[PDB]
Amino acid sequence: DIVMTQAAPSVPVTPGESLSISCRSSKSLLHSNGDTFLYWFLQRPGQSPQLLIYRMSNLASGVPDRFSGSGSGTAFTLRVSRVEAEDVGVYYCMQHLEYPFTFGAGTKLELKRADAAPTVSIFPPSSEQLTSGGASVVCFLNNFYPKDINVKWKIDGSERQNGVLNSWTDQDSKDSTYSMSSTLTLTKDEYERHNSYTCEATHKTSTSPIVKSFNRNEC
């Protein structure tokens, strides 16, 4: 096995800018035939990977004039001239020299833009869910950028760390934002004992944490 390594998991770039993705092999993909057996593919994202460049410096068919492969020995570099919306995805560098064939981790291309604030929202357990013996408090933090954010669940001022399940959507194609859905679950035995449930969110677009809350006896 030849370990294929890709430094950064993700690399953000604004549309129009030039991107440079690095790949690193374990040995050396040289041949003597004069060719270096390196391959670049593009998963995108619920779509199938597509060959971009073969034999290190060869633009496959259909692949635009803006992509470009370069490097030597163990240092390989993919380069996009003008980043367009379609280029978004995980880029894979794979070797086709020794057996078995190995694939690099994968460097994802994210889009940059102006910072936006998370439109946080908190929802109390449904009347129907409660009657089933369970209680779930849902907190939605809609459109925001960058991707980084932190949700601290509070129950009567005490931080709840066990029982929370997060779910972040992929980067939106249209506005280039990020969404998340924090859900806390209890026993409808531990839920009745409390008054307030807070969904706190620490983001770059706020000097202080965005706090959304609700109290049980409150109509």
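The numbering used is simple: start at 1 and walk along the sequence shown.
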Entry B factor averaged over C-alpha atoms, 94-102 against 135-143: higher for 94-102
Assert higher mean C-alpha B factor (179-187 or 33-41, deposited values) equals 33-41
Which one, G73, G89, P124, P118, has the peak C-alpha temperature factor per the PDB entry?
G73
Among modelled residues of the same chain, the CA temperature factor third for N58
highest
Sorting the chain's CA B-factors, does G157 end up in the lowest, middle or highest third?
lowest
Rank-wise, by C-alpha B-factor, drop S20 into the lowest, middle or highest third of its chain.
lowest
In terms of the CA temperature factor given in the entry, to which third of its chain does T202 belong: lowest, middle or highest?
lowest
Looking at the entry's B-factor column for C-alpha atoms only, identify whether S167 ranks in the lowest, middle or highest third of its chain.
highest
